[PDB]
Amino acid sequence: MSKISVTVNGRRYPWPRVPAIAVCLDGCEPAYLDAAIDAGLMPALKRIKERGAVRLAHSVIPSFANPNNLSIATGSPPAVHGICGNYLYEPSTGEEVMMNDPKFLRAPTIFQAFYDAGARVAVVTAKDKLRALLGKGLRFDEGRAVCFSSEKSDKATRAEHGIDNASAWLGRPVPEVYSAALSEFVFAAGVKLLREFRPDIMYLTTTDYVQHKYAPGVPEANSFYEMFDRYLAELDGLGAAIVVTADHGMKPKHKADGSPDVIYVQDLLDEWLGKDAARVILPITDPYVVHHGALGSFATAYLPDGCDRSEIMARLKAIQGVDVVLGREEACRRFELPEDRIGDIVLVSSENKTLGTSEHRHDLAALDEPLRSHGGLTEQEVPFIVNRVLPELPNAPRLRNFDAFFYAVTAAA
């Protein structure tokens, strides 16, 4: 008998004998887990680490949710699947088209591939925007797929999500978007699906609300991870093979006084090339939002035709806090990004600084706590923990967060 596999985007996935699960702990800087484990709050993960496989992996750059969740879902980088931010920019129109519609995804997900091969597949997200993207190609007419968000759990229908009202089904209220509870609902749905639905493949992904607000080891951060550990214990005890990873880590991005340390790239280009001659894009946000959940450490810029690129890069690189400056071609090769969805230049800032657009008229402040964020190389390193013995599992830089399902199903086989 030859072995059974499903091939997706050039990678061969063995058929999982037990359920294969990947858990994306959004914004889980490895230090969060170390501190909660050290506080005695994660007995299940502590034991799983001792008996299983413990690694660090590299996320995709830019280290944001959309490119990374979709890389995990397809097992491929954004050069393959097409999702490299929250919105695309049309130069010869001035259009900022949203990149949350599934029409923008250019490669099949592992979920569809297994579904089409006859598997039972489940996808649960905290936020609904990711839901439609991650759910692309799934069908709900054979009782073999479930895909919904905590955010819109009460809107789920059999015909479009594979379940009639996930909130009523789970027995929990729709959580607040800005809460740890939005993530807890994902974990609880995951356990209940594992028991009652018995997926071959399941993806659980959360949000980093808690992590943007609280540093590793503080009471509110510890409580979140203590909470996760209880659901992890249950998933593990039910016999699934599990990879725990993250879309990106999390670092403090603030000066000593507790205020944001920001380099305003639009101002710098407006000054060197003329106002609005160039366009700076910040992939973390949807551009029409005036709250500091729009500050990250990665930026791309569309430059006026004919201008001296090589010169403009030199000036940006000479600024303290600007770590990496690369042309389209080089940035795309190095970070594995699609050339048709990136600016002429790519910028990555240093560990404690972010990148903004402009200062005149200015953006607005949101919450009390000092800024914590991601997007750069300094939030690329993430946990990658498997509840099975896997001595051949690579480490970073070879191991990527988007190797999660590859090794989950390998373990499960």
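Note that residue numbering follows the sequence shown and begins at 1.
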Is the mean CA B factor in the deposited entry higher across 223 to 231 or across 307 to 315?
307 to 315
Between 92 to 100 and 180 to 188, point out the one with the higher average CA B-factor as the PDB entry records it.
92 to 100
Between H248, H254, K127, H81, where does the Cα B-factor run highest in the record?
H254
Which of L170, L238, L268, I242 ranks first by CA B-factor in the deposited coordinates:
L268
Report the third (lowest, middle or highest) to which the CA temperature factor of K155 belongs, ranking only the modelled residues of the same chain.
middle
Would you check the entry's CA temperature factor for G321 and let me know if it's in the chain's lowest, middle or highest third?
highest
Of the three thirds of the chain ranked by Cα temperature factor, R328 occupies the highest
Sorting the chain's modelled residues by C-alpha B-factor, tell me whether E379 ends up in the lowest, middle or highest third.
middle
Compare the C-alpha B factor of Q211 with those of the other modelled residues in its chain, then answer lowest, middle or highest third.
middle
